[PDB]
Amino acid sequence: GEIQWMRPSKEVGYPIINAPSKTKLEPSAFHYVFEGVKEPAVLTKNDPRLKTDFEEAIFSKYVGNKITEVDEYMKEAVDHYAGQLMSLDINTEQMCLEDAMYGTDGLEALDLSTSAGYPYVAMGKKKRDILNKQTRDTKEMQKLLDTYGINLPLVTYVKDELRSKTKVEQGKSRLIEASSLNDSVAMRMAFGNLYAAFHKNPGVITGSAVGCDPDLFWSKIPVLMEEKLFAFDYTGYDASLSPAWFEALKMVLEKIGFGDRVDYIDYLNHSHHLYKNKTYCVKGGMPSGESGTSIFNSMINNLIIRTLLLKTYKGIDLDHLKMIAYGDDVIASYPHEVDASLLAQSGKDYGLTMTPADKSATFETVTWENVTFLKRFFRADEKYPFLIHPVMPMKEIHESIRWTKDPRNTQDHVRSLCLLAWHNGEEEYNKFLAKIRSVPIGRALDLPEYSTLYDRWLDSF
Ligand code: NA
């Protein structure tokens, strides 16, 4: 991804976009009961914590575009993946406006708490004023589509979240490039059934894990992985994608029956954004921060891994590449050992910056004991080995519980963390509950005990 140009929005006929300047994150009632070192990400140029130009820092994610065309290895990767998706017999029909809006089997309804994007954000018109879940009314939306059409500017927001001290000082805040409600609706109508098909088939055929329930899915993953696992992390995945990866994606859509609307991908690839009082044009780069793009990111990941394997190991049998992606995160396997360090080298030439899995300093062998997917490890249950625990370390949960975005959601926030933490074991889970109950706020929460969560887990299979 690369920024073509940037300049005053008024110069191209756009209004200034008002974005919040103060974090909604604040110390929670557990701030001093649990250890933590993360703070709210910088949201404005004038943050006292900054030690470098803010604007420069947030846009530095666009490292440029290392490739132009789709080479021979990418074409091969496209044929193999597309061929693989074909076995799913995906409904290529466009989805009706209603379902695209309020959901159907395999597709959750539009999120009402997220931005409606341009131009609604400049007219102070919310999503709650356009659709109601009770009526499933399409009249208002239909009128808005007819009025403002599609291919509208994406509105940029700095993501309000916890970041390390280093990332705060270096102004490295992540960004959300929210597309207009019109485009999200149009895209869900164009690809609605593809999305549903993926959500209902998380695994190694779709090569995707979006829509999955870790508590249940973790027990299925091992039986899908090959003998030798391999993995690595990306640095700025979305922003690094060159236009070629988007073309590769369109070829896949074409071969599986969606050639009808591959134009929507151009909208993601070559897109223009609004940020404050500035407007800019980006070539390449997948718009970040929205869930409407995690499937295409996942699809592209499948194309990337396949490409690097073909380029690095001619003769590789892609039919024995078993991988599952979730955006840039991935867990993969092959009957034979592979060199992630070598693959990372091939990656550079394709505009991808790959590093050791889970921030190691060197590329080590990935095993079932050290592998993580969505920050979670894999641990067989002591009593029923065939049941696999998705284990997220307590460090993450501790960091998160030390802050709040709304006292009214304290119960849900803490309950959410409990669903993640009990997997660390009864002894650890109880220490967690005891500390929570060491302060008034915690003692007033309704939280599940360990045996209750274990029982519920067994009853969910
Ligand atoms: Na883009």
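- For this coordinate set, the PDB header names X-ray crystallography as the determination method and states a resolution of 2.30 Å.

What to know about the coordination of the sodium ion
- Binding of the sodium ion to the protein goes through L268 (O), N269 (O), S271 (OG), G284 (O) and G285 (O), at separations of 2.6 to 2.8 Å.
- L268 sits in the buried class, given a relative accessible area of 4%.

Regarding the pattern of salt bridges
- All chains considered together, the criterion is met by 19 salt bridges.
- Note that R49 is salt-bridged to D47, the shortest N-O span being 3.1 Å.
- Note on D47: relative accessible area 16%, which makes it buried.
- Overlapping salt bridges bring together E39, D47, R49, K165 and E169 as one network.

So, the packing of helix α2 (residues 72-86) against helix α9 (residues 243-258)
- Packing of α2 against α9 leaves a shortest axis separation of 9 Å and a crossing angle of 35°. With respect to the hand of their crossing, α2 and α9 are arranged in right-handed fashion. Residue-level contacts link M74, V78, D79, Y81, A82, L85 and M86 of α2 to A244, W245, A248, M251, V252, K255 and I256 of α9.
- Among the residues forming the contact of α2 with α9, the class breakdown is 12 nonpolar, no polar and two charged.

Section: helix α6 (residues 181-200)
- Its 20 residues give α6 an end-to-end C-alpha distance of only 25 Å, which falls more than 12% under 28 Å, the value for a rise of 1.5 Å per residue.
- Of all bends in α6, the biggest is about 70°, found at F191.
- Of all 20 residues in α6, 18 are buried; the element is thus mostly enclosed.
- Where α6 begins, one side-chain oxygen reaches toward the backbone nitrogen of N182, 3.1 Å away; that side chain belongs to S180.

A word on the domain arrangement of the chain
- On domain assignment, one finds that the chain holds domain 1 (1-13 + 70-202 + 243-284), domain 2 (213-242 + 292-367) and domain 3 (375-461).
- Centre-to-centre, using C-alpha coordinates, domain 1 lies 33 Å away from domain 3.

Points about the nonpolar core
- Ranked by internal contacts, the top residues of the largest apolar core, which has 63 residues, are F191, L194, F230, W245, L253, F296 and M299.
- With 10 residues, helix α11 (residues 294-312) is the single largest residue contributor to this core.
- Lining this core are residues from two domains, each supplying at least three of them: domain 1 (1-13 + 70-202 + 243-284) and domain 2 (213-242 + 292-367).
- Apart from the residues lying within four places of it in its own chain, the contact partners of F191 are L253, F258, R261, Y264, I265 and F296.
- Formed by 23 residues, the second largest nonpolar core is a distinct cluster that contains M392, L417, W422 and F432.

Structural notes on empty space enclosed by the protein
- Per the stated rule, a full pass over the model turns up one cavity of 30 Å³ or more.
- Of the pockets and cavities examined, the largest cavity occupies roughly 30 Å³.
- Across the lining of the largest cavity, the residue classes break down as five nonpolar, four polar and one charged.

Describing the pairing of strand β6 (residues 175-178)
- Of the two faces of β6, the one holding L175 and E177 and the one holding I176 and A178 are both buried throughout.
- Note: strand β4 (residues 154-158) against β6, four bridges, orientation antiparallel. For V155, the partnering residue across the bridge sits in β6 and is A178.

Quick word on the sheet that holds β6
- Overall, mixed pairing links the five strands, which are arranged β1-β10-β9-β4-β6 in an open sheet. Taken across any chain shown, the strands that pair with only one partner, and hence form the sheet edges, are β1 (2-8) and β6. Strand-to-strand twist in this sheet, taken as the mean axis angle between neighbours without regard to direction, amounts to 30°.
- Where strand β9 (residues 270-275) and strand β10 (residues 278-283) come together, six bridges link them in antiparallel fashion. Across the sheet, the residue bridging to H273 is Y280, located in β10.

A closer look at a nonpolar patch on the surface
- Taken together, the side chains of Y384, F386 and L458 present a nonpolar region at the surface, about 300 Å² in accessible area.
- Considering the arrangement of structural elements, one finds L458 in helix α17 (residues 450-458).

Here we look at the layout of surface pockets
- Here the second largest pocket defines a volume of roughly 240 Å³.
- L229, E337, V338, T365 and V366 are the residues nearest the centre of the second largest pocket, which is lined by 15 residues in total.
- With three residues, the top contributor of residues to the lining of the second largest pocket is strand β7 (residues 228-230).

Observations regarding the sheet that holds β7
- Across the sheet, which stays open at both edges, the three strands sit in the order β7-β12-β11 with antiparallel pairing between neighbours. With one partner strand each, in any of the chains shown, β7 and β11 (322-326) form the two edges of the open sheet. Going across the sheet, the axis of each strand differs from the next one's by a mean of 15°, ignoring polarity.
- Relative to strand β12 (residues 329-334), β7 is paired through three bridges, and the arrangement is antiparallel. Looking at β12, one finds that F230 is bridged to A332.
- Packing of α11 onto the sheet brings it into contact with β7, β11 and β12, and relative to β11 it is tilted by some 140°.

Rules and cut-offs
Residues numbered from 1 in each chain as written, not as in the entry; some residues may be left out. Heavy atoms only, no water. Donors = N, O, S within 2.8 Å, 3.2 Å for Na, K, Ca; no water. Buried < 20%, exposed > 50% of the residue type's maximum accessible area, 1.4 Å probe, protein only. Salt bridge = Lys/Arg side-chain N within 4 Å of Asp/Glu carboxyl O. Axes fitted to C-alpha atoms, helices over the stretch in contact; angles between N-to-C directions. Helix = DSSP H or I, 4+ residues; strand = E, 2+ residues; numbered from the N terminus. Left-handed = near helix turned anticlockwise from the far one by under 90°. Contact = heavy atoms within 4.5 Å. Nonpolar A, V, L, I, M, F, W, Y, C, P; charged D, E, K, R; others polar. Expected span 1.5 Å × (residues − 1). Bend = angle between axes of the 7 residues up to and from the residue. Polar contact = N/O pair within 3.5 Å; in protein donor to acceptor, adjacent residues only side chain to side chain. Domains from an automatic or database assignment. Core = buried A, V, L, I, M, F, W, Y, C linked by side-chain atoms within 4.5 Å. 1 Å grid on protein atoms, 1.4 Å probe; cavity = no way out; pocket = protein on both sides within 12 Å on 5 of 7 lines; lining within 4 Å. Points joined across faces, edges and corners; volume = space filled by probe spheres on them. Pairing = 2+ DSSP bridges. Patch = residues over 30% accessible without salt bridge, like charges linked within 9 Å, V, L, I, M, F, W, Y side chains within 5 Å. Areas by Shrake-Rupley, 256 points an atom, 1.4 Å probe, with all protein chains shown as cover.

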